[PDB]
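Here's final.cif, which has mmCIF, N, CA and C atoms:
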```
data_run
loop_
_atom_site.label_atom_id
_atom_site.label_comp_id
_atom_site.auth_asym_id
_atom_site.auth_seq_id
_atom_site.Cartn_x
_atom_site.Cartn_y
_atom_site.Cartn_z
N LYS A 1 19.56 -16.07 -2.07
CA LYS A 1 18.62 -15.36 -2.98
C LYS A 1 18.14 -14.08 -2.31
N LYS A 2 17.53 -14.22 -1.14
CA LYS A 2 17.03 -13.06 -0.42
C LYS A 2 18.06 -12.58 0.60
N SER A 3 18.76 -11.51 0.26
CA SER A 3 19.77 -10.94 1.15
C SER A 3 19.27 -9.63 1.73
N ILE A 4 18.49 -8.90 0.94
CA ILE A 4 17.94 -7.62 1.37
C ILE A 4 16.41 -7.69 1.43
N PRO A 5 15.80 -7.70 2.60
CA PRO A 5 14.32 -7.76 2.72
C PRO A 5 13.67 -6.40 2.49
N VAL A 6 12.53 -6.41 1.80
CA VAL A 6 11.81 -5.18 1.50
C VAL A 6 10.34 -5.32 1.84
N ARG A 7 9.75 -4.25 2.38
CA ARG A 7 8.34 -4.27 2.75
C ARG A 7 7.69 -2.93 2.46
N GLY A 8 6.42 -2.97 2.06
CA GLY A 8 5.68 -1.75 1.76
C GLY A 8 4.35 -1.73 2.50
N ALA A 9 3.64 -0.60 2.41
CA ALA A 9 2.35 -0.46 3.08
C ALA A 9 1.28 -0.01 2.10
N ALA A 10 0.17 -0.74 2.07
CA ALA A 10 -0.94 -0.42 1.18
C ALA A 10 -2.15 0.07 1.98
N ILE A 11 -2.50 1.34 1.81
CA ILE A 11 -3.64 1.91 2.52
C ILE A 11 -4.79 2.21 1.56
N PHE A 12 -6.01 1.92 2.01
CA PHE A 12 -7.19 2.14 1.19
C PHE A 12 -8.11 3.15 1.87
N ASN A 13 -8.94 3.81 1.08
CA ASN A 13 -9.87 4.80 1.62
C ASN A 13 -10.78 4.15 2.65
N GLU A 14 -11.57 4.97 3.34
CA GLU A 14 -12.49 4.46 4.35
C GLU A 14 -13.55 3.56 3.72
N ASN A 15 -13.88 3.84 2.46
CA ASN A 15 -14.89 3.05 1.76
C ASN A 15 -14.26 1.85 1.06
N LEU A 16 -12.96 1.66 1.26
CA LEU A 16 -12.25 0.55 0.63
C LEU A 16 -12.68 0.40 -0.83
N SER A 17 -12.77 1.53 -1.52
CA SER A 17 -13.17 1.54 -2.93
C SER A 17 -12.11 2.24 -3.78
N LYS A 18 -11.10 2.81 -3.13
CA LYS A 18 -10.04 3.51 -3.85
C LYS A 18 -8.68 3.20 -3.24
N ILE A 19 -7.63 3.38 -4.04
CA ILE A 19 -6.26 3.13 -3.58
C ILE A 19 -5.51 4.45 -3.43
N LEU A 20 -4.71 4.56 -2.37
CA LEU A 20 -3.94 5.78 -2.14
C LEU A 20 -2.49 5.57 -2.57
N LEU A 21 -2.09 6.25 -3.64
CA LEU A 21 -0.73 6.13 -4.14
C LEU A 21 0.07 7.37 -3.77
N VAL A 22 1.39 7.25 -3.81
CA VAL A 22 2.26 8.37 -3.48
C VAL A 22 3.42 8.45 -4.47
N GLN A 23 4.09 9.60 -4.51
CA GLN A 23 5.22 9.77 -5.42
C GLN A 23 6.54 9.56 -4.68
N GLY A 24 7.38 8.68 -5.22
CA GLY A 24 8.67 8.39 -4.60
C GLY A 24 9.78 9.23 -5.22
N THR A 25 11.03 8.85 -4.96
CA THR A 25 12.17 9.57 -5.49
C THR A 25 12.13 9.57 -7.02
N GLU A 26 11.45 8.58 -7.59
CA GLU A 26 11.34 8.48 -9.04
C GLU A 26 10.51 9.63 -9.58
N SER A 27 10.64 9.90 -10.88
CA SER A 27 9.89 10.99 -11.49
C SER A 27 8.42 10.63 -11.63
N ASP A 28 8.01 10.28 -12.85
CA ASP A 28 6.63 9.92 -13.11
C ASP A 28 6.34 8.50 -12.62
N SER A 29 6.27 8.34 -11.30
CA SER A 29 5.99 7.04 -10.70
C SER A 29 4.84 7.15 -9.70
N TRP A 30 4.17 6.04 -9.46
CA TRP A 30 3.05 6.03 -8.52
C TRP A 30 2.90 4.65 -7.88
N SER A 31 3.20 4.57 -6.58
CA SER A 31 3.10 3.31 -5.86
C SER A 31 3.20 3.53 -4.35
N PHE A 32 3.04 2.46 -3.59
CA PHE A 32 3.12 2.55 -2.13
C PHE A 32 4.58 2.64 -1.68
N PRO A 33 4.85 3.23 -0.54
CA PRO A 33 6.24 3.36 -0.03
C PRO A 33 6.81 2.03 0.43
N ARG A 34 8.13 1.88 0.30
CA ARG A 34 8.79 0.64 0.70
C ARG A 34 10.21 0.91 1.18
N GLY A 35 10.89 -0.14 1.61
CA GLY A 35 12.26 0.00 2.10
C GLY A 35 12.65 -1.20 2.96
N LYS A 36 13.84 -1.13 3.54
CA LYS A 36 14.34 -2.20 4.39
C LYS A 36 13.70 -2.12 5.78
N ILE A 37 13.42 -3.28 6.37
CA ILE A 37 12.82 -3.32 7.70
C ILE A 37 13.82 -3.86 8.72
N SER A 38 13.66 -3.46 9.97
CA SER A 38 14.55 -3.91 11.03
C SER A 38 14.41 -5.41 11.25
N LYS A 39 15.52 -6.06 11.59
CA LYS A 39 15.51 -7.50 11.82
C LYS A 39 15.30 -7.80 13.30
N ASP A 40 14.88 -9.03 13.59
CA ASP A 40 14.64 -9.44 14.97
C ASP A 40 13.51 -8.61 15.59
N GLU A 41 12.53 -8.26 14.77
CA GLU A 41 11.40 -7.47 15.24
C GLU A 41 10.09 -8.03 14.67
N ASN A 42 9.03 -7.96 15.46
CA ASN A 42 7.73 -8.45 15.01
C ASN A 42 7.28 -7.69 13.77
N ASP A 43 6.86 -8.43 12.74
CA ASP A 43 6.42 -7.81 11.50
C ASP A 43 5.38 -6.72 11.77
N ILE A 44 4.51 -6.96 12.74
CA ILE A 44 3.48 -5.98 13.08
C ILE A 44 4.11 -4.74 13.71
N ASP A 45 4.89 -4.95 14.77
CA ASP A 45 5.54 -3.83 15.45
C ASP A 45 6.40 -3.05 14.47
N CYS A 46 7.04 -3.76 13.55
CA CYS A 46 7.89 -3.12 12.55
C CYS A 46 7.05 -2.24 11.64
N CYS A 47 5.80 -2.66 11.41
CA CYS A 47 4.90 -1.91 10.55
C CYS A 47 4.59 -0.55 11.16
N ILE A 48 4.22 -0.54 12.44
CA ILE A 48 3.89 0.70 13.13
C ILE A 48 5.03 1.71 13.01
N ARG A 49 6.24 1.25 13.29
CA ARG A 49 7.41 2.13 13.23
C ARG A 49 7.63 2.66 11.82
N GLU A 50 7.44 1.80 10.82
CA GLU A 50 7.65 2.20 9.43
C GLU A 50 6.42 2.92 8.89
N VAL A 51 5.28 2.70 9.53
CA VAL A 51 4.04 3.33 9.10
C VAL A 51 3.91 4.72 9.70
N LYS A 52 4.07 4.81 11.02
CA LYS A 52 3.96 6.10 11.70
C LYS A 52 5.08 7.05 11.27
N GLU A 53 6.22 6.49 10.88
CA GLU A 53 7.34 7.31 10.45
C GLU A 53 7.18 7.75 9.00
N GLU A 54 6.62 6.86 8.18
CA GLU A 54 6.42 7.15 6.76
C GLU A 54 5.15 7.97 6.54
N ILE A 55 4.01 7.41 6.91
CA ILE A 55 2.73 8.09 6.72
C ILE A 55 2.56 9.23 7.71
N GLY A 56 3.09 9.07 8.92
CA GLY A 56 2.97 10.11 9.94
C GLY A 56 1.86 9.77 10.93
N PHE A 57 1.03 8.80 10.57
CA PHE A 57 -0.08 8.38 11.43
C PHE A 57 0.11 6.92 11.86
N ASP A 58 -0.28 6.62 13.10
CA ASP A 58 -0.15 5.27 13.62
C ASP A 58 -1.51 4.59 13.71
N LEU A 59 -1.55 3.30 13.37
CA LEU A 59 -2.79 2.54 13.43
C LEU A 59 -2.74 1.56 14.60
N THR A 60 -3.56 1.81 15.61
CA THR A 60 -3.60 0.95 16.78
C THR A 60 -4.63 -0.17 16.60
N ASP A 61 -5.89 0.22 16.44
CA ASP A 61 -6.96 -0.75 16.25
C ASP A 61 -7.46 -0.73 14.81
N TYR A 62 -6.74 -0.01 13.95
CA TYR A 62 -7.12 0.10 12.55
C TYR A 62 -6.16 -0.71 11.67
N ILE A 63 -5.40 -1.61 12.30
CA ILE A 63 -4.45 -2.44 11.58
C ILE A 63 -4.81 -3.91 11.71
N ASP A 64 -4.67 -4.66 10.62
CA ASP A 64 -4.98 -6.08 10.63
C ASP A 64 -3.96 -6.83 11.48
N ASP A 65 -4.41 -7.91 12.11
CA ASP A 65 -3.52 -8.70 12.97
C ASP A 65 -2.59 -9.57 12.15
N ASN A 66 -3.18 -10.41 11.33
CA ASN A 66 -2.42 -11.33 10.49
C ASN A 66 -2.90 -11.29 9.04
N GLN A 67 -2.81 -10.11 8.42
CA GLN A 67 -3.22 -9.96 7.03
C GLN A 67 -2.12 -9.28 6.21
N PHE A 68 -1.47 -10.06 5.36
CA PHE A 68 -0.40 -9.53 4.52
C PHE A 68 -0.27 -10.35 3.24
N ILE A 69 0.39 -9.78 2.24
CA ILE A 69 0.57 -10.46 0.96
C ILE A 69 2.04 -10.45 0.54
N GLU A 70 2.45 -11.51 -0.16
CA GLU A 70 3.82 -11.62 -0.64
C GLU A 70 3.83 -11.76 -2.16
N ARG A 71 4.76 -11.08 -2.81
CA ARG A 71 4.86 -11.14 -4.26
C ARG A 71 6.26 -10.72 -4.72
N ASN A 72 6.83 -11.51 -5.62
CA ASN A 72 8.16 -11.22 -6.14
C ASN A 72 8.06 -10.73 -7.58
N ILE A 73 8.44 -9.47 -7.80
CA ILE A 73 8.38 -8.89 -9.14
C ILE A 73 9.79 -8.68 -9.69
N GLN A 74 10.02 -9.16 -10.91
CA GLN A 74 11.33 -9.03 -11.53
C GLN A 74 12.42 -9.55 -10.60
N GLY A 75 12.15 -10.69 -9.97
CA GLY A 75 13.12 -11.29 -9.06
C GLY A 75 13.29 -10.46 -7.80
N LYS A 76 12.67 -9.29 -7.76
CA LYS A 76 12.78 -8.41 -6.60
C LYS A 76 11.69 -8.72 -5.58
N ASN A 77 12.11 -8.92 -4.33
CA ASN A 77 11.17 -9.25 -3.26
C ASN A 77 10.39 -8.01 -2.83
N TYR A 78 9.07 -8.10 -2.90
CA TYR A 78 8.20 -7.00 -2.53
C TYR A 78 7.07 -7.49 -1.62
N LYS A 79 7.13 -7.10 -0.35
CA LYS A 79 6.11 -7.50 0.62
C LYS A 79 5.24 -6.30 0.99
N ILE A 80 3.94 -6.55 1.15
CA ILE A 80 3.02 -5.48 1.51
C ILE A 80 2.01 -5.96 2.56
N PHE A 81 1.91 -5.21 3.65
CA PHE A 81 0.97 -5.55 4.71
C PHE A 81 -0.32 -4.77 4.51
N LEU A 82 -1.44 -5.48 4.43
CA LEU A 82 -2.73 -4.83 4.23
C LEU A 82 -3.17 -4.12 5.51
N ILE A 83 -3.48 -2.83 5.39
CA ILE A 83 -3.92 -2.05 6.54
C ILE A 83 -5.03 -1.09 6.13
N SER A 84 -6.27 -1.46 6.46
CA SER A 84 -7.42 -0.63 6.12
C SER A 84 -8.24 -0.32 7.36
N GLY A 85 -9.07 0.72 7.26
CA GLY A 85 -9.92 1.12 8.38
C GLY A 85 -9.62 2.56 8.79
N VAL A 86 -8.81 3.24 7.99
CA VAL A 86 -8.45 4.63 8.28
C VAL A 86 -9.61 5.56 7.95
N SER A 87 -9.58 6.76 8.52
CA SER A 87 -10.64 7.74 8.28
C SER A 87 -10.17 8.82 7.32
N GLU A 88 -11.12 9.50 6.68
CA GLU A 88 -10.80 10.56 5.75
C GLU A 88 -10.74 11.91 6.47
N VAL A 89 -11.04 11.89 7.76
CA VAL A 89 -11.02 13.11 8.56
C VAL A 89 -9.59 13.59 8.77
N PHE A 90 -8.65 12.65 8.75
CA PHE A 90 -7.24 12.99 8.94
C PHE A 90 -6.52 13.04 7.60
N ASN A 91 -5.57 13.97 7.47
CA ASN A 91 -4.82 14.11 6.23
C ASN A 91 -3.48 13.39 6.32
N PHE A 92 -3.23 12.49 5.37
CA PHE A 92 -1.99 11.74 5.34
C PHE A 92 -1.06 12.28 4.26
N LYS A 93 0.16 12.61 4.65
CA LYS A 93 1.14 13.14 3.70
C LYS A 93 2.44 12.34 3.78
N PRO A 94 3.17 12.22 2.69
CA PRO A 94 4.46 11.46 2.67
C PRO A 94 5.55 12.17 3.47
N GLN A 95 6.39 11.39 4.15
CA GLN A 95 7.48 11.96 4.94
C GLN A 95 8.73 11.11 4.82
N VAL A 96 9.50 11.34 3.75
CA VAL A 96 10.73 10.60 3.52
C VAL A 96 11.88 11.55 3.25
N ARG A 97 12.98 11.02 2.72
CA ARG A 97 14.15 11.84 2.42
C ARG A 97 13.72 13.12 1.71
N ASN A 98 14.51 14.17 1.86
CA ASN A 98 14.19 15.45 1.23
C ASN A 98 14.18 15.31 -0.29
N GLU A 99 12.99 15.37 -0.89
CA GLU A 99 12.87 15.25 -2.33
C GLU A 99 11.52 15.80 -2.80
N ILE A 100 10.69 14.90 -3.30
CA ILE A 100 9.37 15.28 -3.79
C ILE A 100 8.29 14.65 -2.92
N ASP A 101 7.32 15.46 -2.51
CA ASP A 101 6.22 14.98 -1.67
C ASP A 101 4.88 15.34 -2.28
N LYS A 102 4.25 14.36 -2.93
CA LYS A 102 2.96 14.59 -3.57
C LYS A 102 2.02 13.42 -3.31
N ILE A 103 0.75 13.73 -3.07
CA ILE A 103 -0.26 12.70 -2.81
C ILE A 103 -1.28 12.66 -3.94
N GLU A 104 -1.69 11.45 -4.32
CA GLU A 104 -2.67 11.27 -5.39
C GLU A 104 -3.58 10.09 -5.09
N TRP A 105 -4.88 10.36 -5.00
CA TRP A 105 -5.85 9.31 -4.73
C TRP A 105 -6.44 8.78 -6.03
N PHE A 106 -5.95 7.62 -6.47
CA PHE A 106 -6.43 7.03 -7.71
C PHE A 106 -7.46 5.95 -7.42
N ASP A 107 -8.56 5.98 -8.18
CA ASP A 107 -9.62 4.99 -8.00
C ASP A 107 -9.18 3.63 -8.53
N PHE A 108 -9.54 2.58 -7.80
CA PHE A 108 -9.18 1.22 -8.21
C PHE A 108 -9.63 0.96 -9.64
N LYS A 109 -10.73 1.59 -10.05
CA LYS A 109 -11.25 1.40 -11.39
C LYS A 109 -10.15 1.62 -12.43
N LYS A 110 -9.47 2.76 -12.33
CA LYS A 110 -8.40 3.08 -13.27
C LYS A 110 -7.31 2.02 -13.22
N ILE A 111 -6.94 1.60 -12.02
CA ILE A 111 -5.90 0.59 -11.86
C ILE A 111 -6.32 -0.73 -12.50
N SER A 112 -7.61 -1.04 -12.41
CA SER A 112 -8.14 -2.27 -12.99
C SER A 112 -8.07 -2.20 -14.52
N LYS A 113 -7.97 -0.98 -15.04
CA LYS A 113 -7.90 -0.79 -16.49
C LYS A 113 -6.47 -0.51 -16.93
N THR A 114 -5.51 -0.90 -16.09
CA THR A 114 -4.10 -0.68 -16.40
C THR A 114 -3.80 -1.06 -17.85
N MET A 115 -4.54 -2.04 -18.37
CA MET A 115 -4.34 -2.48 -19.74
C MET A 115 -4.45 -1.30 -20.71
N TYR A 116 -5.26 -0.31 -20.33
CA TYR A 116 -5.47 0.86 -21.17
C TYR A 116 -4.23 1.76 -21.17
N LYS A 117 -3.07 1.18 -20.85
CA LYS A 117 -1.83 1.96 -20.83
C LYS A 117 -1.50 2.46 -22.23
N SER A 118 -1.05 3.72 -22.31
CA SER A 118 -0.70 4.32 -23.59
C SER A 118 0.72 4.89 -23.55
N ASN A 119 1.21 5.16 -22.34
CA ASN A 119 2.55 5.71 -22.18
C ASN A 119 3.27 5.02 -21.03
N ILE A 120 3.34 5.71 -19.89
CA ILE A 120 4.01 5.16 -18.71
C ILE A 120 3.00 4.89 -17.60
N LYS A 121 2.95 3.64 -17.15
CA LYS A 121 2.03 3.26 -16.08
C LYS A 121 2.76 2.43 -15.03
N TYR A 122 2.17 2.33 -13.84
CA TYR A 122 2.77 1.56 -12.76
C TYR A 122 2.29 0.12 -12.78
N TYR A 123 3.05 -0.75 -13.44
CA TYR A 123 2.69 -2.16 -13.53
C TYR A 123 2.96 -2.86 -12.21
N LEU A 124 3.65 -2.17 -11.31
CA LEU A 124 3.97 -2.73 -10.01
C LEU A 124 2.72 -3.25 -9.31
N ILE A 125 1.70 -2.40 -9.23
CA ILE A 125 0.45 -2.79 -8.58
C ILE A 125 -0.33 -3.78 -9.45
N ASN A 126 -0.16 -3.67 -10.76
CA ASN A 126 -0.85 -4.56 -11.68
C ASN A 126 -0.58 -6.02 -11.32
N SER A 127 0.68 -6.33 -11.03
CA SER A 127 1.05 -7.70 -10.67
C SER A 127 0.47 -8.08 -9.31
N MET A 128 0.36 -7.09 -8.42
CA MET A 128 -0.17 -7.33 -7.08
C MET A 128 -1.68 -7.08 -7.05
N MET A 129 -2.25 -6.74 -8.19
CA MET A 129 -3.68 -6.48 -8.27
C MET A 129 -4.47 -7.72 -7.87
N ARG A 130 -3.99 -8.89 -8.28
CA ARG A 130 -4.66 -10.14 -7.96
C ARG A 130 -4.82 -10.29 -6.44
N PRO A 131 -3.74 -10.40 -5.70
CA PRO A 131 -3.80 -10.54 -4.22
C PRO A 131 -4.47 -9.33 -3.56
N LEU A 132 -3.99 -8.14 -3.89
CA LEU A 132 -4.54 -6.92 -3.32
C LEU A 132 -6.07 -6.91 -3.44
N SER A 133 -6.56 -7.18 -4.64
CA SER A 133 -8.00 -7.20 -4.87
C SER A 133 -8.68 -8.31 -4.08
N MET A 134 -8.27 -9.55 -4.33
CA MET A 134 -8.87 -10.69 -3.64
C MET A 134 -8.90 -10.50 -2.13
N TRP A 135 -7.74 -10.20 -1.55
CA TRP A 135 -7.65 -10.00 -0.10
C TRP A 135 -8.51 -8.83 0.35
N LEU A 136 -8.35 -7.69 -0.31
CA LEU A 136 -9.13 -6.51 0.04
C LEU A 136 -10.62 -6.81 -0.07
N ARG A 137 -10.97 -7.72 -0.97
CA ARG A 137 -12.36 -8.10 -1.16
C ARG A 137 -12.91 -8.76 0.10
N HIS A 138 -12.05 -9.49 0.80
CA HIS A 138 -12.46 -10.16 2.03
C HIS A 138 -12.83 -9.14 3.11
N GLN A 139 -12.01 -8.10 3.23
CA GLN A 139 -12.26 -7.07 4.23
C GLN A 139 -13.63 -6.43 4.01
N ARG A 140 -14.01 -6.27 2.75
CA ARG A 140 -15.30 -5.67 2.42
C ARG A 140 -16.46 -6.53 2.93
N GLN A 141 -16.25 -7.84 2.95
CA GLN A 141 -17.28 -8.76 3.40
C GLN A 141 -17.57 -8.56 4.89
N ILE A 142 -16.51 -8.39 5.67
CA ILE A 142 -16.66 -8.20 7.11
C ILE A 142 -17.39 -6.89 7.41
N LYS A 143 -17.23 -5.91 6.53
CA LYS A 143 -17.89 -4.62 6.72
C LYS A 143 -19.35 -4.83 7.11
N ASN A 144 -19.92 -5.95 6.68
CA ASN A 144 -21.31 -6.26 6.99
C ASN A 144 -21.54 -6.21 8.49
N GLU A 145 -22.81 -6.19 8.89
CA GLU A 145 -23.15 -6.15 10.31
C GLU A 145 -22.78 -7.46 10.98
N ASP A 146 -22.79 -8.54 10.20
CA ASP A 146 -22.45 -9.86 10.72
C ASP A 146 -21.09 -10.32 10.18
#
```

Same coordinates, now as structure tokens:
Amino acid sequence: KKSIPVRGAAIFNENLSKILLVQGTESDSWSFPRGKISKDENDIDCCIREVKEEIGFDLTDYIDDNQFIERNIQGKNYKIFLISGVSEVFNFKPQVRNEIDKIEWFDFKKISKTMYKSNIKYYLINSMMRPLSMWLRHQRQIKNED
């Protein structure tokens, strides 16, 4: 069933109140970057290499140790490692094959209203909204002083 493994990276604003989407090779599309990951490598270490190479920035102490989510959409395997704690002082830009490079910061509010779709929307995150939200909700709790 699973012959080709795929993994993506989901980054949230410093206030963990908004989602950062990017434009891929597709035209009117909006989602996190993904692709094949190296085998025989620690999922975490693999993240840094795919994160620092894709986003351009590396997360040393701003990356979760054992926090990730799994979800299969349309029979397609889609894995995403939760990584929050980044700052807004640094600018993150996409760095992939020569094509289109555009950044768009969409508020989770809009994503939560995906139902309000009228034309073309990214249902990809809609399916992962459950885990993404629930899990991300946990990180917000720790934000507390205790």

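Note that the spacing between atom CA of residue 50 of chain A and atom CA of residue 15 of chain A amounts to 23.8 Å.
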
Q. Which neighbours of segment 125-130 of chain A fall inside 8 Å, counting only C-alpha atoms, when residues of the same chain fewer than 4 positions from it are skipped, and could you give them as an MDAnalysis selection string?
A. chainID A and resid 31 71 73 111:112 114 134

Q | Contact residues around segment 92-107 of chain A with all atoms listed in the file at 6 Å, ignoring same-chain residues under 6 positions, as a PyMOL selection string | A | chain A and resi 17-23+25+53-55

Q: Would you mind reading off the distance between atom C of residue 44 of chain A and atom N of residue 6 of chain A, one decimal, in Å?
A: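 Atom N of residue 6 of chain A lies 14.7 Å from atom C of residue 44 of chain A.
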
5 Å per side around segment 38-46 of chain A: axis-aligned box centre and edge lengths, as JSON:
```
{"center_x": 9.5, "center_y": -5.8, "center_z": 12.8, "size_x": 22.0, "size_y": 17.2, "size_z": 15.6}
```

Q) Exactly which residues make up the result of the PyMOL selection byres (((chain A and resi 33 and name CA) around 6) and name CA) on this file, given as a list in words? A)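 Applied to this file, the PyMOL selection byres (((chain A and resi 33 and name CA) around 6) and name CA) selects residues 8, 32 and 34 of chain A.
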
(Q) Given all atoms listed in the file as the basis, pick out the residue of A:12, A:37, A:4, A:91 nearest to residue 56 of chain A. (A) A:91

Q: Could you please write out, as a PyMOL selection string, every residue of segment 99-131 of chain A that DSSP assigns to alpha helix (DSSP H)?
A: chain A and resi 108-112+123-131

Those same residues, written as a CSV table (one decimal), in the frame of the given file with N, CA and C atoms?
```csv
chain,number,residue,atom,x,y,z
A,108,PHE,N,-9.5,2.6,-7.8
A,108,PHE,CA,-9.2,1.2,-8.2
A,108,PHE,C,-9.6,1.0,-9.6
A,109,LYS,N,-10.7,1.6,-10.0
A,109,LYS,CA,-11.2,1.4,-11.4
A,109,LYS,C,-10.2,1.6,-12.4
A,110,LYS,N,-9.5,2.8,-12.3
A,110,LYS,CA,-8.4,3.1,-13.3
A,110,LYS,C,-7.3,2.0,-13.2
A,111,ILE,N,-6.9,1.6,-12.0
A,111,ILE,CA,-5.9,0.6,-11.9
A,111,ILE,C,-6.3,-0.7,-12.5
A,112,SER,N,-7.6,-1.0,-12.4
A,112,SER,CA,-8.1,-2.3,-13.0
A,112,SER,C,-8.1,-2.2,-14.5
A,123,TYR,N,3.0,-0.8,-13.4
A,123,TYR,CA,2.7,-2.2,-13.5
A,123,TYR,C,3.0,-2.9,-12.2
A,124,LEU,N,3.6,-2.2,-11.3
A,124,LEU,CA,4.0,-2.7,-10.0
A,124,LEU,C,2.7,-3.2,-9.3
A,125,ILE,N,1.7,-2.4,-9.2
A,125,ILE,CA,0.4,-2.8,-8.6
A,125,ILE,C,-0.3,-3.8,-9.4
A,126,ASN,N,-0.2,-3.7,-10.8
A,126,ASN,CA,-0.8,-4.6,-11.7
A,126,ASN,C,-0.6,-6.0,-11.3
A,127,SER,N,0.7,-6.3,-11.0
A,127,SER,CA,1.0,-7.7,-10.7
A,127,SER,C,0.5,-8.1,-9.3
A,128,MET,N,0.4,-7.1,-8.4
A,128,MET,CA,-0.2,-7.3,-7.1
A,128,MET,C,-1.7,-7.1,-7.0
A,129,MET,N,-2.2,-6.7,-8.2
A,129,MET,CA,-3.7,-6.5,-8.3
A,129,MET,C,-4.5,-7.7,-7.9
A,130,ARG,N,-4.0,-8.9,-8.3
A,130,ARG,CA,-4.7,-10.1,-8.0
A,130,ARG,C,-4.8,-10.3,-6.4
A,131,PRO,N,-3.7,-10.4,-5.7
A,131,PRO,CA,-3.8,-10.5,-4.2
A,131,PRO,C,-4.5,-9.3,-3.6
```

Q) Suppose you want the space between atom C of residue 83 of chain A and atom N of residue 108 of chain A; what is it in Å? A)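 These atoms are spaced 15.1 Å apart.
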